[PDB]
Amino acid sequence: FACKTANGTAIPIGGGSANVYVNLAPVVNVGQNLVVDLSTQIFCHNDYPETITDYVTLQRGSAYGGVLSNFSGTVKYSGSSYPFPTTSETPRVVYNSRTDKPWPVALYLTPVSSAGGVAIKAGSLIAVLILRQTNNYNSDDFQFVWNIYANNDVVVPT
């Protein structure tokens, strides 16, 4: 089981970490969501599907910097919604093919009333999402740690 990003780095069999940059709407008002869909960016696959079933959870999502300070959020994982930062590990998604399948994770972030001017800085760490992978074969229990960075500034109108 391994993962890669749309146009860049991989995390190999056994887990590891990678950095992922995301495009954010440059302007967001209170009562609006920024939607950050990682499923167009993070893809995984099962290496031995005919003999092994891999199980993949969102083990933990965490907020950093301007998202931690200036936004509240929810996370959508495989069709179900959760608070963001997360409060528990999700149910598992099954990976059963050598063909890349997106990791179905999307953040929905909304500015709190204090947000104003640059609520998120360009290039800054906004989130960490931890993909936990297991199987029906052996004791493998691996973390794929995704560090989420903002491409651009996000301004909340004052």
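Don't overthink the numbering: it's just position in the shown sequence, from 1. Definition used throughout: the rigid core is the maximal C-alpha set that superposes within 1.5 Å between two forms.
Superposing the other copies on the rigid core and comparing 139-147 to 5-13, farther C-alpha placement in 8 other deposited structures of this protein marks 5-13. Legend: mean Cα B-factor per stretch from the PDB entry, 31-39 versus 123-131; the higher mean is in 31-39. Stretches 112-120 and 64-72 differ in mean CA B factor, with 112-120 having the higher one.
Sort the modelled residues of the chain by CA B factor and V94 lands in the middle third. Per the deposited record, the Cα B-factor of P102 falls in the middle third when ranked against the other modelled residues of its chain.
The deposited CA B-factor of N23 belongs to the middle third of values across its chain. Split the chain's modelled residues into thirds by C-alpha temperature factor. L58 is in the lowest one. Residue-level temperature factors show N147 in the lowest third of its chain, judged at the C-alpha atom.
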